[PDB]
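Just so you know, structure 1 and structure 2 below are the same protein chain in two forms, each on its own as structure tokens.
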Structure 1
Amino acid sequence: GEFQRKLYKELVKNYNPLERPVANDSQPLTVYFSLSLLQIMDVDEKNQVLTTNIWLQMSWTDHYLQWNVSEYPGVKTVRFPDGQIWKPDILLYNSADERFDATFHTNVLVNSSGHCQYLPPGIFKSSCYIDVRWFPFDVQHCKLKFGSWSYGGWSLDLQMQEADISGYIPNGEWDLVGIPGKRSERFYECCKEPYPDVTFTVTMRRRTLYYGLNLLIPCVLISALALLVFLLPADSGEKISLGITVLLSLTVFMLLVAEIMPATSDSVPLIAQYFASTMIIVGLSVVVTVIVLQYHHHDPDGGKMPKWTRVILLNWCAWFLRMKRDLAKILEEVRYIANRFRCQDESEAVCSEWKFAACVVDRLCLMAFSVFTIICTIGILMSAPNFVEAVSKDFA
């Protein structure tokens, strides 16, 4: 209308967009800063960045942009674009991204009394420290440090308001716990003026239903097939072909983990310890299997039991496991044939007890390795904090 056009011509008369809008150049300008988290787009572990879509809320006052509604009965609010009125230069300190602002400057609301409101939307890529420890059951605390870059505490008194999460669109993978905030003022090497800033800590918990179903459960079940080697009879030449196949094919899990873990030499992830533990157990099974196989094909008449394994694996362990173990010329020739058969029976008896001694080790190590696996998987997986919370919330 005619009044709005007239008002706009009067507000920008002798207006300098470089000066602070204070009426007295001795008191700081109070700027109220806030934040609104809209969603957590992606939390990259390798690059240790946090990509979020948030809004900002800057609110200050302007002494020069003032008018009364009596002279302009229709207009109660005017809007100035970027570059025509003074705005604070509050920006993210971390800003792990190519261009450093990431604010998408929009129009600036102006009151009927000079109060100024500014709501810029942007996608921020801050740099926070991802702690890969108790990795499937970890809680992350990523900081968001906001503050003015050129105005000190004597010019721009930056206040703070509580963060707003009214509308969050849950990410699904990360469970938001909260977002508390602080205002603190520090000192720097450039200047004696304190520089106040506001830091919003984003606390979020990882939902462990996905990884524990794709990395933990399959690892337990597949590693259980290595315990099945001790049930194969030694006659079927497949004991080594089963133990070595499972062991060397279970490596694919850590190749998946290597694509998720940052190469940080600071803390060993729990999933790495548990994956490392299940390799040694399977690896030791192959070592024990070889010990069994050399008792089976012992090639008798080339040694004897040292009477020490005679009482251990045949007397004590065998029961506790409950396994329970011219005619003279013609006469000389037929006697030799019978004597040859008798010696073969004695050789078969010695070879028979060696085979049973290899069966005791299979049954003994089946129970020894079974208890080793269950108390190790439980011990590692329960060792993490808030593990009972993680399974009571996602699984149950």
Structure 2
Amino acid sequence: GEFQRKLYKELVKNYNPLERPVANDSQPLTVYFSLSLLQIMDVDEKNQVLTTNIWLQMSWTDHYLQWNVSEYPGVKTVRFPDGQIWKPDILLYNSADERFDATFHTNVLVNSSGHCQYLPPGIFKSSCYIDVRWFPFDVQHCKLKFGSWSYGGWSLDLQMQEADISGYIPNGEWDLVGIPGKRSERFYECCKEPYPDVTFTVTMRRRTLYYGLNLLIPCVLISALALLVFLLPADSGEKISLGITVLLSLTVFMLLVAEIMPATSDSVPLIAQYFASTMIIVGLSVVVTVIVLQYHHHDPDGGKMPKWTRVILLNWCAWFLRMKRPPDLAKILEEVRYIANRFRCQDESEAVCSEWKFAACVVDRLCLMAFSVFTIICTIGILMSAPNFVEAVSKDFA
């Protein structure tokens, strides 16, 4: 209207969008900086970059944008686009975005007293260190460092307001514990003046329901299935087939864990050593199966069973695991004697083979017990060694 047009023409006249809108040129300009977290887009641990949707909030007082409400009836707020009024140069210090700004420049509301208000949105890409030591029971502290690029503490001092949690969309993968912030002053050995900045520490923890059901339970079931080799009879030649097939199945799980894990080489991930232990147990089960088959397929009278081997396997382990089984009339006679002698020799050889097979079965059951104990101990210890494991289980699975 008439009054709004007159006000807009009056305010722009003799206004420099480069000068700091202070009335004395020496007193610092107080700028209240805060943000409003909306959602966490994707925590890319591969490149150690955090992508978030954040609405910044800046509020300062302008001395040259003040008018009288009575003299200009009706109009109470004026908005200026970029390049028309002075704005603070606050931007993310650790921004990993290519543009390095990642802010949509909107208008700046101005009240009758000149109190400007700036709410620039944007999909920020911060760069924070991401440790995967306790993956997937992981808690991350990503930091957003905001501050004026070319203003000191005696010209533009930052004042902090608490972040706005209201309106935050809950990310499925990550749970937001909170976003505490702190205002800090950095000094240089030039001028003895502060360089304040406002930094917000995004504290988030990873949810383990999806990662659990996709990596932990399948691994446990696969290891328990690999333990089945010791129950198959040695007569059927499919023991090492099952062992090598279950190890081949674990290979693709190892590949998946490698593809989802970063290339960080500062610590060993918990799930990495868990999978390593599981695959090592499977390989040792394969070796044990080879030994058991070597015992089972022992040549008749091809060797002598050692006394220690007997007294251990056939007695002590048998009792421990409840085992129980450890003229022409002369020529015809001389000819028929050989058949029965050969049959007796075959029976003795069969008895020796039966002893060897029972020793193999004893080794099978002993290794079944030992590997079950090892698998249970390794799984429980590795899973419960992670901090806040009980909290994550009670909050995800329950």
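Note that the rigid core is defined as the largest set of C-alphas that superpose within 1.5 Å between two forms. Shifts are known only where both forms have a C-alpha. Residue positions are counted from 1 along structure 1's sequence.
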Next on the checklist: Can you tell which residue in 186, 307, 192, 99 has its CA shifted by 2 Å or more between structures 1 and 2 when the core is superposed?
Outcome noted: 192
Item to check | Shift in Å of the C-alpha at residue 157 between structures 1 and 2 after core superposition | outcome: 1.2
Item to check | After superposing on the core, C-alpha shift for residue 249 between structures 1 and 2 in angstrom | outcome: 2.1
Checklist entry - Looking only at residues in both forms, which consecutive runs of at least three have C-alphas displaced 2 Å or more between structures 1 and 2 after fitting the rigid core? => result 187-194
